[PDB]
Amino acid sequence: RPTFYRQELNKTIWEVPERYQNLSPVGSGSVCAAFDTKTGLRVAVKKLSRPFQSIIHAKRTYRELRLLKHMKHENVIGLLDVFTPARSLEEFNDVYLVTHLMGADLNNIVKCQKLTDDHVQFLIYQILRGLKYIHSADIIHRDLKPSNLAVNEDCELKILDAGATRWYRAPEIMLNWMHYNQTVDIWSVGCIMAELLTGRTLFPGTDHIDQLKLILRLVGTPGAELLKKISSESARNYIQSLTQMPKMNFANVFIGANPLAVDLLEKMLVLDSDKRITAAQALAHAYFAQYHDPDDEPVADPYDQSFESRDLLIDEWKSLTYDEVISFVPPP
Ligand SMILES: Cn1nc(C(C)(C)C)cc1NC(=O)Nc1ccc(Cl)cc1
Ligand SMILES: CCCCCCCCO[C@@H]1O[C@H](CO)[C@@H](O)[C@H](O)[C@H]1O
């Protein structure tokens, strides 16, 4: 145990190792920017909010620590440190996570700077590279969106999950298909890419039903091959009565754009999730010829997520989370 110190920021009490100095809030879990003295770099410190209040909250805390500890990739958020002031399992009630401070997210970059095709290839390439890694650990993001993409002054990017919200969501998630293959994240990428190319939100729906309406206007109402696969009689009938929107020609939609960018978008923005390009396939697409290195697109170690099936007591999840804090080994 290093030495800790108390400070109040925005009516929140923060107890951190003296290692971390100059704390100033960035967001509300609550996040502070800090100076890491041992390494002399700026970091973000997140104080977990009510981590062990319910069984579901306690499992989320554990899930969050388990995940961040596992993520070891350039284009994915990584855990620099995890600490608790607690001297013992009985004293355990707060969790803090430490990661790189990246100065800005992808909205910010898009909403005032017009991006070149080269900017788009590089930024999307990095999202796909990080996604290949995420997906190889049998993890699905489910909420990919520009605010979950941190970007530095070299436009190097990492994927995170900080916790408008639905403009990037796969149509199957908004019909609560409740199965979801990993290509839901690829839908999200198509939406992000289109917006980097045009500077405009692809599907800026006002509410849930407007969202879907806008999606179908571009990609059309489901074709016969898709409808064939819908096991739910009600879902089928919901779908089949809506006016039968034709699939738009993307070349006629994304006018100024690289024909290779258009081809890739067509392969990502498919209603049928069985037919969407995977992260690994997308990396070898010609759009990214300048960036693609098949020997530098690493996959993750096996990730044991059997805890996901488990129904445990708050204090069990708490103890399990406490073990993970203790076993943490900081990066090189
Ligand atoms: C839950 N989750 N899932 C992922 C992915 C899927 C991107 C690996 C990442 C995370 N969690 C986070 O990204 N958590 C997090 C913690 C501290 C800060 Cl300052 C910012 C974010
Ligand atoms: C309004 C009509 C929207 C239909 C879009 C949903 C089609 C998504 O695609 C479906 O996703 C499932 C994964 O969850 C798979 O099991 C199916 O095989 C696949 O076709």
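All residue numbers in this chain count up from 1 along the given sequence. Ligands are counted one by one from 1 in listed order, and the atoms in each one are counted from 1 as well.
In this structure, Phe4 and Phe83 have perpendicular ring planes: the angle between them is above 60°, well past the 30° mark.
Between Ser273 and ligand 2, a contact under 3.5 Å exists for at least one N or O pair. Between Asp161 and ligand 1, a contact under 3.5 Å exists for at least one N or O pair. For the pair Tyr180 and ligand 2, the shortest N or O to N or O distance falls below 3.5 Å. Looking at ligand 2, you won't find any N or O of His179 less than 3.5 Å from one of its N or O atoms. Here's the thing with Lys46: none of its N/O atoms is less than 3.5 angstrom from an N/O atom of ligand 1.
Neither the backbone nor the side chain of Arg63 has any atom closer than 4.0 Å to an atom of ligand 1 (non-hydrogen atoms only). The proximity of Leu271 to ligand 2, defined as any non-hydrogen pair under 4.0 Å, involves the side chain as well as the backbone. Contacts between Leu175 and ligand 2, counted as non-hydrogen atom pairs separated by less than 4.0 Å, involve the side chain only. The side chain of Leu68, and not its backbone, has at least one atom closer than 4.0 Å to an atom of ligand 1 (non-hydrogen atoms only; side chain from C-beta on). Counting heavy atoms under 4.0 Å from ligand 2, residue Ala170 does not touch it at all.
The closest donor-acceptor contact from the side chain of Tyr62 to the backbone of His57 lies at 3.5 Å or more, if one exists at all. A donor-acceptor pair under 3.5 Å links the side-chain atoms of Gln126 to the main chain of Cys155, judged by distance alone. Of the possible donor and acceptor atoms, none in the side chain of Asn10 sits under 3.5 Å from a partner among the backbone N and O of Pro25. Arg129 places no side-chain N or O within donor-acceptor distance of the main-chain N or O of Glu74, the cut-off being under 3.5 Å.
Here is the list of ligand 2 atoms found below 4.0 Å of a heavy atom in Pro222: 2 (C). Residue-ligand proximity, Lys229 to ligand 2, at heavy-atom distances under 4.0 Å covers atoms 18 (O), 20 (O). Counting the atoms of ligand 1 from 1 in the order shown, those under 4.0 Å from a heavy atom of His141 are 6 (C), 7 (C).
The shortest contact between atom 17 (C) of ligand 2 and any protein heavy atom is with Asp274 OD2, 3.5 Å. Protein heavy atom at the shortest distance from atom 14 (N) of ligand 1 is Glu64 OE2, 2.8 Å. The nearest heavy-atom contact from the protein to atom 19 (C) of ligand 2 is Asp272 OD1, 3.3 Å. Among all protein heavy atoms, the one lying closest to atom 4 (C) of ligand 2 is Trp177 CH2, 3.8 Å.
Residues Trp187 and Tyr168 keep their aromatic ring centres 6.0 Å or farther apart.
Considering each of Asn75, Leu101, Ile77, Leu144, the one bringing a non-hydrogen atom nearest atom 18 (C) of ligand 1 is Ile77.
Paired with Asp185 under the rule side chain to side chain donor-acceptor pair (under 3.5 Å), one option of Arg276, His141, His135 passes, and it is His135.
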